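This document opens with one chain alone, in structure tokens, the form deposited without this ligand.
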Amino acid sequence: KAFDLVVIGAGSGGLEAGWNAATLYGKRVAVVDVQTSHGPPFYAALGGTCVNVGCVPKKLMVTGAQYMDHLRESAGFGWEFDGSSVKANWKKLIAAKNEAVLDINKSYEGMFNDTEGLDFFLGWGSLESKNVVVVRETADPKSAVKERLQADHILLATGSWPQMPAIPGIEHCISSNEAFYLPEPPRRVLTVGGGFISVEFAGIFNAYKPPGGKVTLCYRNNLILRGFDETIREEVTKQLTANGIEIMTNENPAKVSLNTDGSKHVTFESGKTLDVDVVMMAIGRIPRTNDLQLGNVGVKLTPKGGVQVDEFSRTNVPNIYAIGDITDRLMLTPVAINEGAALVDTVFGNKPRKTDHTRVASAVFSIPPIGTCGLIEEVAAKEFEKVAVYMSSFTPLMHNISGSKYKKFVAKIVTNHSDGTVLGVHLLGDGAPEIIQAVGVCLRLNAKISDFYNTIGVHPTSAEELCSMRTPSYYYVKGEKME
């Protein structure tokens, strides 16, 4: 069958591109994915990674995890109940999450049913030729042909996949994919990785762990969450520790064996050992290009295995494009979506547009959470002669009463001190992901620190800290910190 566009991967970027090309530009569109609903064996499905085994289910589970703090914190505000009656029922959480994800799967199914000129094909997409996508029964390229799709234009949108280190006993470890389907909450769990997925899952497991349970997070480097603001990295480490999570930095698994009861015996490179019920590898995500048989058309990959693209998401092969995680740049749903829309506008609208990968607001649903947009100070300090840091850090009042005195809210604004242009805003504490969104709009408008401090506060809020900072806390001048 013949299409203006064939999209391989019915994910965040793929669905934006396919729906826009079909509905805004009246193109005949095919979209391919390996599953119509969430979970084993392929985990991602119609809707993509974010819907099925990412942002959507993890956010619901972090919300679930937050109640452990709310229940404890309620006492300071005079709430009384039988503490010994408190149980975290993980089965209910997983069932609630499964229903939520399945409902989305179903609506996307209804979307393809009800959208003329937008067709879904179940199976494994690969490139036969530069204008033919083959859909097969399995990821094995010798598996049965279900469809052959003639395509003026081909979009690769297959996303990414957990990285598993080749160590002895890797087979006894899981990724985030399996973590979403654990039938019982682990009593002891090691999250391996200092990234958002490890930190977010440490918080989820810490809340739902059965009595006498323990969550350990391990990371090779000295400080979790590289890429984030350093003050926030130190504070979130402290605040995770304060809520009972063991942060093992400068530590990495060397091998895993099974103890006689089926629990996992972890040997760290340092020789240290840990007995846990689950080992969750969250050490990285790699672009999913193996299964695409890109050798058939000579699309240029990087040694990492990402599809190389120009700013307009164009591969080295005309009429073949790549968006989203497969391009190994910013692995965010809204970036994927933005690239998909920009690509379709460019190619089918002749409305040339490229995604801006700078000043993207993002979040970490840690407990407590992070919101951030733009440059951290160390980065700004290499690119600008004079950099100012405006910093407010303090346990908010509600958390003196709550008993969570460790919950320091951090707000930091990084500026080009030569003109006061805001380069970065970095938040830690309840609300941070919600606060940072409109900050993304501020940085698009080249907001200066004067634009923040001349804006009238909403009081009382954590956000008003951003509009209450008149004076630098310190500077970088030619890369040197000057207190």
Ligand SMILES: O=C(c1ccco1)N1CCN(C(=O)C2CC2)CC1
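Residue numbers run from 1 along the displayed sequence.
Although it is not shown, the form solved in complex with this ligand is what the next lines describe.
- Residues of just one listed stretch (303-311, 264-272, 359-367, 248-256) have heavy atoms within 4.5 Å of this ligand in the deposited complex: 359-367.
- Put simply, of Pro287, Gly203, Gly374, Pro186 only one has a heavy atom within 4.5 Å of this ligand in the deposited complex, and it is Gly374.
- The contact residue chosen from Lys146, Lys238, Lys130, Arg226 relative to this ligand in the deposited complex is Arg226, the criterion being a non-hydrogen atom within 4.5 angstroms.
- Though the partner is left out of this view, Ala380 does not reach within 4.5 Å of this ligand in the deposited complex, counting heavy atoms only.
- With a 4.5 Å cutoff on heavy atoms, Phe384 does not count as touching this ligand in the deposited complex; it lies far away.
- Under a 4.5 angstroms non-hydrogen atom cutoff, this ligand in the deposited complex has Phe196 among its neighbouring residues.
- Under a 4.5 angstroms non-hydrogen atom cutoff, this ligand in the deposited complex has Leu332 among its neighbouring residues.
- For the partner-free chain shown, nothing in 283-311 comes within 4.5 angstroms of this ligand in the deposited complex, judged by any non-hydrogen atom.
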